[PDB]
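Below: one structure, written as C-alpha cells.
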Amino acid sequence: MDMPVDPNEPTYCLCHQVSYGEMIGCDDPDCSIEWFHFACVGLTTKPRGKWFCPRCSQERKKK
Ligand SMILES: [Zn+2]
Ligand SMILES: [Zn+2]
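Using the numbering used here, the first residue of the sequence shown is number 67, and each one after it goes up by one.
In C-alpha cells, the structure reads:
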C-alpha cells in the first residue's frame with residue numbers, strides 16, 4: 067500500500083498504461099508523452115541509445 071498521486075496525469079503510451087513488459091521513451095526531453103511501449107512501435111528489441119516515437123520520427127521521414 068503506497069497509492070501515490072504526485073503525477074496529476076499518470077499513463078502516457080498509446081496503451082495508456084505502464085508497468086507491463088519492457089519500456090522505452092522518445093529521447094526528446096520535450097516529448098509530451100515521454101515513454102512508449104516496446105509494442106507502441108512494434109520494436110520487440112533495443113534500437114539504440116537514441117530513439118523517437120511514431121510522431122517525433124514522422125517530422126523527419128528520410129528512411
Ligand atoms: Zn503502450
Ligand atoms: Zn515521443
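For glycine and all other residues, C-beta sits at the position ideal for the given N, C-alpha and C.
Neighbour-count burial assignment, residue i, 16 or more Cβ in a 10 Å radius
i	result
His103	buried
Proximity test, residue i beta-carbon vs ligand 1 heavy atom, cut-off 8 Å
i	result
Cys81	yes
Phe118	no
Beta-carbon proximity list for residue i, same chain, < 6 Å, skipping 5 on both sides
i	result
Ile99	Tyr78
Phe118	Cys92
Closer than 8 Å: residue i CB and nearest ligand 2 heavy atom
i	result
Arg126	no
Sheet register partners of residue i (DSSP bridge)
i	result
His82	Its beta-bridge partners do not exist; DSSP assigns none.
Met89	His103
8 Å CB neighbourhood of residue i in its chain, flanking five on each side removed
i	result
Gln83	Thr77
Neighbourhood of residue i by C-beta distance below 7 Å, restricted to the same chain and skipping five residues each side
i	result
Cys81	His103 and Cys106
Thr110	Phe104
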